[PDB]
Structure formats: structure tokens, C-alpha cells
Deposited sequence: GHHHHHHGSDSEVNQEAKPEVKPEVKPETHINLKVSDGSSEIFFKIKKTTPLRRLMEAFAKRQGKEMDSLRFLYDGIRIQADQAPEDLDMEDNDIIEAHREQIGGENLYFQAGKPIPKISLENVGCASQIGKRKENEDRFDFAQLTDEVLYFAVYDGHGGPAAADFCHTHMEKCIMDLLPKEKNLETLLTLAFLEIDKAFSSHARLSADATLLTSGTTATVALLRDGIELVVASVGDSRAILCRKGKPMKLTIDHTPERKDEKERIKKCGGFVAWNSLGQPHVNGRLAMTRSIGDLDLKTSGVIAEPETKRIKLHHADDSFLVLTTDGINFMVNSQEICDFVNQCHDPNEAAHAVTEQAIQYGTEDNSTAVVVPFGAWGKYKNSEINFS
């Protein structure tokens, strides 16, 4: 698989700042990495993940063969690290910096494992058909809503927000909300790639999901010249449709073995 073909686009929208981060790399001969991090309350947490997620994963690869298990551990460990980092910095705003994290690992060119927390997304496009790889952690979900309430948190409105502050129920960072139920533990999904059909991994932040459903994303991937043109087209449509938030898309082409 060729990382030269990865397409990526990130538009600030109408925000003062762009707090979306994204990355990809080949960790080892057998493992490729792809990630988006949608930061809020300052980029600190999103930046921390961007900077360190690869090390956390690579330190785990030889210890843990189950990649769902590995990503779960990595997420929790990096969250531990950011919490210490935050509590130690002079900048007291880090205490309320946090981020989604959507991380994909592809092993041996066929085994795709995705972990995320928050409302950024991964989908797989194959034959122009989307398959969802993540489910958004929002207060709308009964199970999430119940943990928040059982942990002592609440949900307010003006649209649902954890303790009147956070539009999602899991994240990396958000130190003050951790005991109120906003956990760093990801949900995970594992699939095998198709041997004959090409497929595309697409990572997006909620700026994009607000306005472009995942079928429409597969159409762009299916119709646009290269992944790069597709990534730009997806983000630009989101903005055209009325999105004002940071909008980020990563399009990864997988060849069929």
C-alpha cells in the first residue's frame, strides 16, 4: 500500500482557529497507521495525541497482538499521559482541553482495526457503498447518557451537552469531566479487507458529518480523480452546505491483493 496516494484536506470554516489534527504513517513492515483528532478548548490535547499516539502504539505492538485490545490500552495510556502533562503545565487551560480520537491500524494489508472516542468518524467505501466503522459518542445514546448520570454528570441543552459543556461523551483529555462519565475508553471495530475490490478508508471530523452523509462521501471517493481531490471536495461541500466548524477529511486508498 502506497501512502503517497493518501488524500487529506482540513478547512478552518468560520472558526477563529483550526483544532483538527490528522496523521498517517507506516509503523512497521506489517502495520499502517491513520488518525484524526478533533480538538476542543485549545489544541493542546489534539496536539498531544498527534505527537505521541504513534509511540504509544509502537511500544504496544510487540506486547499485544490483538489490535482492538492494543488501541484500547493505547488510548487509556495516552489519556493518562496528557492528564499528567496538563496538571503540570503553567497553562491552566489545558485542564479543559480535550479531543476526539479516531485511529485506524491496518495489519498485513488486510486486517483493518478502528478505535475511537468522540464524534469524528471512520467509514470504509467499497463499490461506492459505505460501511460505518464507528458510532458517535453523544448524549443522545441511551447507554452513554446512563453512564454520565450514574457517574454524577448531567446533560443540559441549547442541544445535549455533558455538564453543559461537552457535545460528546468520550474523549481524550477533558480532565474535569472524567469523573462525570466522559471516558477515554474507545469502542473498536475489526474487519477484513476485500481481496478483489478496491476500498477506501475515510476519516472525517464532525464538521463534515454535519452536512455530508457517508453515502455522499463514497460518491466523492468514487467519482473524483484521486483521493486528494476527493478529500478536498468533501470538505468544500460541507462548507458550501453551511458548516462553520473545522472540517477535515482523510481518504486512504487500499489496493485489492
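**Student:** As a test: can you identify every run of the deposited sequence that has no C-alpha position in this structure, in order?
**Tutor:** 1-118, 277-279, 379-389 are the stretches of the deposited chain that have no C-alpha coordinates in the structure.
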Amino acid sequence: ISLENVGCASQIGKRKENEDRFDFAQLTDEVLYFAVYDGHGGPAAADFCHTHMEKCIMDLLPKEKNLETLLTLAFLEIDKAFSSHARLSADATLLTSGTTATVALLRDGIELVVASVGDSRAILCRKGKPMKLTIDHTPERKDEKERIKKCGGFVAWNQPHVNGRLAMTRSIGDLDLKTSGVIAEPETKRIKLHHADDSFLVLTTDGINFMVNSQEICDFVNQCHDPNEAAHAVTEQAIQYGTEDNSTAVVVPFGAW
From here on, numbers count along this sequence of modelled residues.
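**Student:** Comparing average C-alpha B factors as deposited, tell me which of 143-151 and 78-86 sits higher.
**Tutor:** Higher of the two, by average CA B-factor, is 143-151.
**Student:** With respect to the recorded C-alpha B factors, which stretch has the higher mean value, 108-116 or 174-182?
**Tutor:** Here the higher of the two C-alpha B-factor means belongs to 174-182.
**Student:** What's the residue among 224, 53, 202, 36 with the greatest CA temperature factor in the PDB record?
**Tutor:** Spelled out: the listed residue with the top C-alpha B-factor is 224.
**Student:** Name the one of 195, 40, 232, 190 with the greatest CA B-factor according to the PDB entry.
**Tutor:** Max CA B-factor in the entry, restricted to 195, 40, 232, 190: 195.
**Student:** Could you tell me which third, lowest, middle or highest, the C-alpha B-factor of residue 253 occupies within its chain?
**Tutor:** Answer is middle: the recorded C-alpha B-factor places it there.
**Student:** Considering only modelled residues of the same chain, in which third does the CA B-factor of residue 3 rank: lowest, middle or highest?
**Tutor:** Highest third - that is where residue 3 ends up once the chain's C-alpha B-factors are sorted.
**Student:** Mind checking which third residue 206 falls in for C-alpha B-factor across the chain?
**Tutor:** Its C-alpha B-factor belongs to the lowest third of this chain's values.
**Student:** Once the chain's modelled residues are ordered by C-alpha B factor and cut into thirds, is residue 97 in the lowest, middle or highest one?
**Tutor:** It falls in the middle third of the chain.
**Student:** So where's residue 17 on the chain's Cα temperature factor ranking, which third?
**Tutor:** Highest third of the chain for residue 17's C-alpha B-factor.
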